[PDB]
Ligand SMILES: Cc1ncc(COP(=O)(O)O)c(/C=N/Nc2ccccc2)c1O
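Let's start with one chain on its own, the form deposited without the named molecule, as structure tokens.
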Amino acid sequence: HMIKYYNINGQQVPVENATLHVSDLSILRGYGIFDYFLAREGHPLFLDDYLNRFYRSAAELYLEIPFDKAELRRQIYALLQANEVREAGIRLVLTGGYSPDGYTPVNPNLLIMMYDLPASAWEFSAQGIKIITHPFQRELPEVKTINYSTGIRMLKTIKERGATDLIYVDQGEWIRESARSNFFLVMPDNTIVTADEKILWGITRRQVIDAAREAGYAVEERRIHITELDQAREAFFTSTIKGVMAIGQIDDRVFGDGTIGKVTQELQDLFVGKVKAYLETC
């Protein structure tokens, strides 16, 4: 489970030597974007989707990625091989770079970090998790910025309350996403519902929506009023690491008996289907 190397700016570097000078704008100014994906069987999953997002994120902050997509793909595969792993987490980071004035981007720094496949990845627990609502709206929500100020600061509140996560509700009226996951409801007629605006367009959310539609579920992408939690039978998260994770309780509302609902469970299987399908093209 040893990771020997990261990559900074196209060079493989021993993990213990992977450092940035303190003039980096991520350090001074929280200025950067990132992406994160799994590799299984030697292959980053849905890699083209993740790379497209990373490139779009970067354009929205006016940061030039120093390599084209094919070259970045090569550095990622080479990093997998240098670390001798087939199953991994992979973090891409693009900082504002070393700035003259501690404010203006000049030259982004590109990081590629690697981890063991997270131990909890795709656990697919039958017992739903317990989350709280939190009134908040992420800034630049369609961009995967490095800014997790509120998300990280809320850990103490979450934990204090007996929860393990939250769902952000824009002005306490409109359901969005957690700090790190997209959020879905399943209605009693088996319509799946998820927000369409002022959220991060997850890659997992994409694959799950396509898989759902292919299975013959209706998926509405729309604004979601907080009151609509009381109409839902089921609730779940999507994310790279969670896959599809049942939510058993929100605040004082228990969904079902707290265990994974039937459509959520099918969506777990369909998601694994997408993964396999992807890996068949590799």
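Rigid core here is just the name for the largest C-alpha set that superposes within 1.5 Å across the two forms. Numbering starts at 1 and follows the sequence shown.
Of the other compared PDB entries of this protein that include residues on both sides, at least a third leave residue 138 without atoms.
When the two stretches 114-122 and 71-79 are set side by side, the higher mean Cα temperature factor goes to 114-122. When the mean C-alpha temperature factors of 190-198 and 100-108 are read from the deposited coordinates, 100-108 comes out higher. The top Cα temperature factor in the record, among 177, 165, 160, 210, falls on 160. Within the group 248, 243, 30, 66, the record's highest C-alpha temperature factor is found at 66. Among all modelled residues in its chain, residue 266 ranks in the middle third by Cα B-factor. Ranked within its chain, residue 206 lands in the lowest third, by CA B factor from the PDB record.
Annotation for residue 238: CA B-factor lies in the lowest third of the chain's modelled residues. In the PDB entry, residue 231 places in the highest third of its chain by CA B-factor. Split the chain's modelled residues into thirds by C-alpha temperature factor. Residue 252 is in the lowest one.
Just so it is clear, the following notes concern the form solved in complex with the named molecule, a form of the same protein that is not shown.
Stretch 32-40 is the contacting one of 217-225, 32-40, 66-74, 247-255, since its residues have non-hydrogen atoms within 4.5 Å of the named molecule in the deposited complex. Annotated contacts: 7, 54 and 113 are all free of the named molecule in the deposited complex [non-hydrogen atom within 4.5 angstroms]. A residue is said to contact a partner when one of its heavy atoms sits within 4.5 Å of a partner heavy atom; residue 272 meets this definition for the named molecule in the deposited complex. Using a 4.5 angstroms limit between non-hydrogen atoms, residue 279 touches the named molecule in the deposited complex. Although the partner is absent here, residue 98 sits far enough away that none of its heavy atoms falls within 4.5 Å of the named molecule in the deposited complex. In the deposited complex, the named molecule lies within 4.5 Å of some heavy atom of residue 240.
Of the listed positions (132, 154, 121, 93), a single one reaches within 4.5 angstroms of the named molecule by any non-hydrogen atom in the deposited complex, namely 121. With the core held fixed by superposition, the comparison between the shown form and the other one singles out 171 as the only member of 127, 171, 191, 107 whose CA moves by at least 2 angstroms. Once both forms are fitted on their core, a CA shift of 2 Å or more is seen for residue 118 between the shown form and the other one. After superposition on the rigid core, the Cα of residue 92 moves by less than 2 Å between the shown form and the other one. With the core superposed, residue 79 shows a C-alpha displacement below 2 Å between the shown form and the other one. Shown here is a form in which the CA atoms of residue 197 and residue 46 lie at least 3 Å farther apart than they do in the deposited complex. Shown here is a form in which the CA atoms of residue 203 and residue 197 lie at least 3 Å farther apart than they do in the deposited complex.
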